[PDB]
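In: task: produce atomic coordinates for the following.
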Amino acid sequence: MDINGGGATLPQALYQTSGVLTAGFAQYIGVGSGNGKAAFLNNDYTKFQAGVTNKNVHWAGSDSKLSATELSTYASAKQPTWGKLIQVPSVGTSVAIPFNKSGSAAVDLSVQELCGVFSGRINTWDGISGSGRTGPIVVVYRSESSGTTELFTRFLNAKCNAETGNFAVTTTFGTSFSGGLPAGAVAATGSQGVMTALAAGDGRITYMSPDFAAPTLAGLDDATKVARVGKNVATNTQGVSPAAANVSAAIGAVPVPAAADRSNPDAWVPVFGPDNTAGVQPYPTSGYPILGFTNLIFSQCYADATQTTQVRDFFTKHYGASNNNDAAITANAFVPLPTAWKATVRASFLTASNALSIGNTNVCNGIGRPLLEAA
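Out: Residues are numbered from 1 along each chain as shown. Below you will find the coordinate block:
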């Protein structure tokens, strides 16, 4: 009986790369982070494959953090019989700004121009300085509950302080800005659905997984297709591309989860946010500024011993010092976790005597998510 996972589309091509998921894992199903969280929290396989009810959900990918209400409801309804859930970073990622507007001139957005495009204040390509382009801008956004939206709106919430309204951190972009969507904005579903829409009319722009924002990695550096971010005309400063190399230093500087807080799944997922605000990492001053983590959601405990071993073997690979997934992570435009982060994940969720360890024979005694499905 295979282990079934799915959720976030931002990293789906990573999890679909041969060998990244280990023995016993079904191929990953990309449906969006909101759907992934709901699939795991409710053990609802229909959130992965509509109309299919004869399988359990074992894990999810999400770039949206579990909310207080999600965590509390799982703790009271499911944890007594299934064990604690585990929420852990998988990889670091940039958020790219692909667009469909031809021209040899590089498109390099200042942060305030980015803010104005996504608030609707700036609605013509003229209004992007130095763009070489004219005509209307059409914003494409995610229709559904999206972790890419959450990562992106964290940045807008932190930086966009000069609009007629404010951006809230959310998974649903259509309600993020208090002044509404830009006129003419187009909704689409999934990372790939957004990229298809980007191409379906001229002058379109969006926010996107770096693994989908260009067909090839080098394409993240083509500023005729993927905007640079960080222009400052007055100081004569160029913005840079969302290539993984331009976020990797900032990802590597993020502190490991605080030791005393490790039983709280919320403590494991770092978030970027406003400056001089404890509990959130400030966005980096150098390199590419829009970044965050995409995460995995598992159970500590599975009633079946084989499924338990299979899950542990995946963690051994994904968080291993050797024989790990880091090459595939880079190939998919993402940032590996550093040694100290991997070691911290292993110490809590693999090392057998830890109270948090997957399959712990004491903590998981008699408990765990079920082998058979029942309705």
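
In: residues contacting residue 121?
Out: 115, 163, 164 (Cβ atoms under 8 Å, 6 or more residues apart in numbering). (Each C-beta comes from the backbone N, C-alpha and C, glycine too.)

In: among the residues you listed, which ones are buried?
Out: Burial by neighbour count, 16 or more other Cβ atoms under 10 Å: within the contacts of residue 121 this picks out 115, 163.

In: which ones among the contacts of residue 121 are found in helices?
Out: residue 115 (DSSP state H).

In: pick the one among the contacts of residue 121 closest to residue 189.
Out: Taking Cβ to Cβ as the measure, residue 189 lies nearest residue 115 of these, at 25.0 Å.

In: tell me how far the ends of stretch 363-375 are from each other?
Out: Distance between the boundary residues of stretch 363-375 (Cα to Cα, to the nearest Å) amounts to 27 Å.

In: roughly how far is that stretch from the heart of the chain?
Out: 28 Å (Cα atoms, centre = their mean, to the nearest Å).

In: equivalent analysis for stretch 241-251, please.
Out: Taking the mean of its C-alpha atoms, stretch 241-251 sits 15 Å from the chain's own mean (Cα atoms, centre = their mean).

In: which residues in the chain form strands?
Out: 5-7, 29-30, 59-62, 85-94, 99-100, 108-109, 138-142, 186-188, 204-205, 228-229, 272-273, 281-282, 291-299 (DSSP state E).

In: show me what the second one is in contact with.
Out: Here strand 29-30 makes contact (Cβ under 8 Å, 6+ apart) with 4, 5, 6, 7, 8, 9, 12, 48, 49, 190, 191.

In: can you check the third one too?
Out: For strand 59-62, contacts defined as Cβ under 8 Å, 6+ apart pick out 3-8, 11-12, 15, 28, 33, 36-37, 39-40, 90, 147, 294-299, 311.

In: give me the distance between the residue nearest to the spatial centre of the chain and residue 150.
Out: When Cα atoms, centre = their mean is applied to the chain, the residue found nearest the centroid is residue 63 (2.9 Å). Going from residue 63 to residue 150 by Cβ to Cβ, to the nearest Å gives 6 Å.

In: residues shared between the contacts of those two?
Out: residue 33.

In: find the nearest non-adjacent residue to the residue nearest to the centre of the chain, please.
Out: In space, not counting the residues next to it along the chain, residue 63 is nearest to residue 147; the distance is 2.6 Å by Cβ to Cβ, 6 or more residues apart in numbering.

In: mind listing what the one you found touches?
Out: 8, 10, 32, 33, 62, 63, 64, 171, 294.

In: are any of the residues you listed buried, and which?
Out: Among the contacts of residue 147, those classed as buried by 16+ other Cβ under 10 Å are 8, 10, 32, 33, 62, 63, 64, 171, 294.
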